[PDB]
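Taking the form deposited in one PDB entry, here's one chain by itself in structure tokens.
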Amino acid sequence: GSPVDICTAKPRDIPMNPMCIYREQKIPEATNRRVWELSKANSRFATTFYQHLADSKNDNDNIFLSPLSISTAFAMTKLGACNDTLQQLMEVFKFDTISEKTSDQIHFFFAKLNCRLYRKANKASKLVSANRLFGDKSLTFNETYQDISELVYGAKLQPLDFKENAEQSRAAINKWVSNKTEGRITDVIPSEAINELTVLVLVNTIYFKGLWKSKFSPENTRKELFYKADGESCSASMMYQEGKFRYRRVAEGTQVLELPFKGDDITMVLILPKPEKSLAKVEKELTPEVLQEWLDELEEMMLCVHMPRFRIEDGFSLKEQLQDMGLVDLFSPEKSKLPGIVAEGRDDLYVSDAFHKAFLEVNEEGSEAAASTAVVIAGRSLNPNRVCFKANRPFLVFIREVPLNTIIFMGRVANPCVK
């Protein structure tokens, strides 16, 4: 190619100029100060956004998003944003809660994170991204932007004929995502979500395929009762397994359990509150630092584990939620301001809509693995010598990249029962 591999390259190289500027804390040994802060930022938007979304939903619904996906997709947007259609971004995404050093070169450090993130040991531990911008052809996009994107995020903007071929462009965008996601994330943008009036469109999804470092034996899976919040219970395929796992019983009996994937770089963390206590309180108590304290406190332990098969997922229309959180100008044709993408080809450029889509399907094998069918037996005698961690009541769920300490996925399994 022409430029230098961004991953190895430092800031003292690759001239990155954003048309608009916005200008100890015990960090673990062997850590990139800059990346670490940036992450500290994403995890804030994470819990924040999760809680806000959780209020809108009902304690009996499953939840699932990818804070990293969105933080990433919108960072792109802000590559060429300005004024309020920038301050808001920075504020909403917590980028203004880190050093001016990091808060400045956010695209650089996001590039670095993406580097340690999407490279690979491509074992049974894969992680594919699919974030992209779609704007109408009837506009000339700043090529500076275009280049920087491709290098930092690697996608550049994409012009589609919205004004004359919406349903065709819809299929275009759709057939792009149902690609990067190995024909798995299908129908990102729904019909009538894009019309001849669509200006700028934002899509963003993350896909994770992986196998448990310590799989469950299908012969141990069983039909047991999962008690929902509304007091009513239901049958679920409870998976069983006994081994040493990082565990931690925190405040008020809430248990934290970590199950790593082949590689130990990606893991699923469960936050399970005791039978009586409500997940709602825990969710409200959730702060980036609390989660961190819990993670560090973890200690390998020999335990008995009951976890059920399940699939949580959700196609998001962030526009609503985000602005409701304070992200306004960007979605407003009048107030927006993205001089970084278009000077003013056909006037006011703004994000018509933003589409999210993430899903998790766990079983004996791993995430997005080989499902089984062997008729699930019933009943389960009590394990002698020891009780047991049982996710037979609403629990939290986080899919994290450990080295980079980044929350890739977060959700709630409030009801995993027979679909």
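Don't overthink the numbering: it's just position in the shown sequence, from 1.
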- request: For the stretch from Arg23 to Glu24, please bin the deposited residues that the model skips: none, 1 to 3, 4 to 9, or 10 or more.
  value: 10 or more
field: Mean C-alpha B-factor comparison - 318-326 and 304-312, higher one
entry: 318-326
- line: Per the PDB entry, mean CA B-factor is higher for 64-72 or 51-59, namely for 51-59
- prompt: With respect to the C-alpha temperature factors reported in the PDB entry, which of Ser99, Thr221, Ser129, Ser214 ranks highest?
  reply: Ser99
- prompt: From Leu202, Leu279, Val177, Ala171, which pick has the Cα B-factor that tops the rest in the entry?
  reply: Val177
field: For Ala124, the third of its chain into which the C-alpha B factor falls
entry: highest
field: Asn392 - which third its CA temperature factor falls in, relative to the rest of the chain
entry: lowest
statement: Assert third(CA B-factor, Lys112) within chain per record equals middle
statement: Quick tally, chain-level thirds of C-alpha B-factors: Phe261 sits in the lowest
field: Lowest, middle or highest third - CA B-factor, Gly340
entry: highest
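Below, we refer to the form solved in complex with a partner chain, which is not included among the displayed structures.
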- prompt: in the entry with it bound, do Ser69, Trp212 and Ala358 all reach within 4.5 Å of its partner chain through at least one heavy atom apiece?
  reply: yes
statement: With the partner omitted here, the residue among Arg116, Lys277, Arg184, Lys137 that in the entry with it bound has a heavy atom within 4.5 Å of its partner chain is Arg184
- request: Find out whether any non-hydrogen atom of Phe108 is located within 4.5 angstroms of its partner chain in the entry with it bound, and reply yes or no.
  value: no
message: Can you work out whether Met268 and its partner chain are in contact in the entry with it bound, taking contact to mean some heavy atom pair no more than 4.5 Å apart?
response: yes
- prompt: For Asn204, is any heavy atom within 4.5 Å of its partner chain in the entry with it bound, or not?
  reply: yes
query: Does the 4.5 Å heavy atom contact test between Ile399 and its partner chain in the entry with it bound come out positive?
result: yes
